[PDB]
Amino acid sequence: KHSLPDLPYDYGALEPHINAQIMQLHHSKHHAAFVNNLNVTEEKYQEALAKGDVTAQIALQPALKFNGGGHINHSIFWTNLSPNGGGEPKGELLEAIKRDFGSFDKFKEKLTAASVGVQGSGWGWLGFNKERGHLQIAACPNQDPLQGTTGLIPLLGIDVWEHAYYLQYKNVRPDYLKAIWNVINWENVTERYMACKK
């Protein structure tokens, strides 16, 4: 069984960048529904798989991608944020960011452009291409997880679903993006990067 992970900090720790109300709703309401529905969907799939029912397996695909992706995406997101984050990364990561994007500022612009640009609900990702051996920016629609649909290893994800910023920033997505850079836990994205730095 999958579980709702605990937040590494209090709901009001990312203030004033992302307010406590969004953090509470996002985690306790949105993420909780994903794991519950994921466990419900996985049990159904186990029933379908055992019967060799291919129709049921295919019909169940959207719910699993949506809920399974929802769980995966949000789980990474909480670890990517920190009340002690912000600033710039250091060491190997910064080294690779300058190499692949030109500069840290250029990387920020690319990821922001990618995030602001998703039409509808989605995610902006900084990922690692294990085949090519470099960093890569990608945008994923709805809850489609990065690794599962793209093959890239997720390092940093930015949720651009409206529930992630509307209460505080309303329709101005760029304001939310400008603000989230102040709480990015570079300590965690450097770890994820090192984990696949092979």
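The first residue of the shown sequence is 1; numbering continues from there.
With reference to the PDB entry, specify whether the mean Cα temperature factor is higher for 131-139 or for 158-166.
Looking at the record's C-alpha B-factors, the answer is 131-139.
As stated in the PDB record, which stretch has the larger average Cα B-factor, 1-9 or 189-197?
For C-alpha atoms only, the mean B-factor is higher in 189-197.
Which one of 115, 79, 84, 121 shows the top CA temperature factor in the record?
Spelled out: the listed residue with the top C-alpha B-factor is 84.
Check where residue 51 lands among this chain's C-alpha B-factors and tell me if it's the lowest, middle or highest third.
As the PDB entry reports it, the C-alpha B-factor of residue 51 lands in the highest third of its chain.
Would you check the entry's CA temperature factor for residue 111 and let me know if it's in the chain's lowest, middle or highest third?
Ranked within chain, residue 111 CA B lands in the middle tercile.
When the deposited Cα B-factors of this chain's modelled residues are ordered and cut into thirds, is residue 18 in the lowest, the middle or the highest one?
For residue 18, whose C-alpha B-factor we compare with every modelled residue in the chain, the answer is the highest third.
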